[PDB]
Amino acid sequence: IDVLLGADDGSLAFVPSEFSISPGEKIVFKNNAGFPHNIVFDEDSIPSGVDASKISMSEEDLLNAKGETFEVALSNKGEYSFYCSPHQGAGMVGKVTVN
């Protein structure tokens, strides 16, 4: 599943922001507009035994160019909340459910 980092109208959002995937299904986060951006999984809002470092960029890590991507596949079932560090307050957050 392809997820845009910034909307086509320049909005600071993940498109789509809420979605469900199956275990092993690739998520490709792609820089679109308003970059730099990153994708950080909230360590307190992912399956409790999951290592957020295995699936997340650090808050300092950034995707700098249009078209640059961050790819990750989630294994463990459950809800995973994530956000873009620099734009969290602006509302650039999402939630993916692995079922």
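We number the residues from 1 along the sequence you see.
Taking the mean C-alpha B-factor of each stretch as recorded, 22-30 and 58-66 are not equal, and the higher mean is that of 58-66. Across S75, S81, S17, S85, the entry's maximum B-factor at the CA atom is seen for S75. Remark: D42 belongs to the highest third of its chain, ranked by C-alpha B-factor as recorded. In this PDB entry, the Cα temperature factor of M92 sits in the bottom third of its chain's modelled residues, the lowest group. Among all modelled residues in this chain, the alpha-carbon of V98 has a temperature factor (C-alpha) in the middle third.
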